[PDB]
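First comes the structure, then the notes that go with it.
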Amino acid sequence: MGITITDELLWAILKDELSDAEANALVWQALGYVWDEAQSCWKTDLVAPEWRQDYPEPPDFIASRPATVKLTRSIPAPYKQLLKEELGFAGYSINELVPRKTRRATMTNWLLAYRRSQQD
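Residue numbering for the sequence shown follows the entry's author numbering, beginning at 1 and increasing consecutively.
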């Protein structure tokens, strides 16, 4: 659907507050797959057809990276640095460069390009 994101929400993932199942959820709401507790399934009414087309389950960016290609479509050249050009984040230190957390920064990059594109 057309949710908003905030810099606070973005920083929460960069820090540590969001979790695996939580950080996935914030992407899944934003597209609009939006778990239908009535249907016991992911809804798709509220998501763009180019996303729901081929996606019978939501994108796990932590294990997998199929949809990382699809996010990149919506991340144009003038929006690659929005982590620093909105917030001021760039990348992590060595001591923190875990596969658990690096895979968040991919989706977080996309979250900025979405919220910014809404004001075009």
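Cβ atoms here follow ideal geometry from the backbone N, Cα and C, with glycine treated the same way.
Give the straight-line distance between the Cα atoms of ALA48 and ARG65, rounded to the nearest whole angstrom. Cα to Cα, the separation comes out at about 20 angstroms.
For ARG104, which residues in the same chain have their Cβ closer than 6 angstroms to its Cβ, ignoring the five residues on either side in sequence? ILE13 and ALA23
Please work out which residues of its chain come closer than 8 angstroms, Cβ to Cβ, to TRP11, disregarding the five sequence neighbours upstream and downstream, and give them in chain order. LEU87 and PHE89
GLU85 to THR44, Cα distance in whole Å? 32 angstroms
So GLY2 and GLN81 are supposed to be a Cβ contact under 8 angstroms. How far apart are they, rounded? That pair is no contact at about 24 angstroms.
Using only CA atoms, which one of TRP28, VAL34 and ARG73 lies nearest to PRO59? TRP28
Between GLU57 and the rest of its own chain, which residues show a CB-CB distance below 8 angstroms, the 5 nearest in sequence each way excluded? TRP42
Let's test the definition: count the other Cβ atoms within 10 Å of the Cβ of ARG100 and tell me whether it reaches 16, buried, or not, exposed. exposed
Considering only C-alpha positions, which residue in the set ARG52, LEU97, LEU18 and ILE62 is nearest to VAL34? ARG52
Identity of the residue in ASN95, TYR92, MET107 and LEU97 nearest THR72 by Cα: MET107
Span separating the alpha-carbon of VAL98 from that of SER19: 14 angstroms
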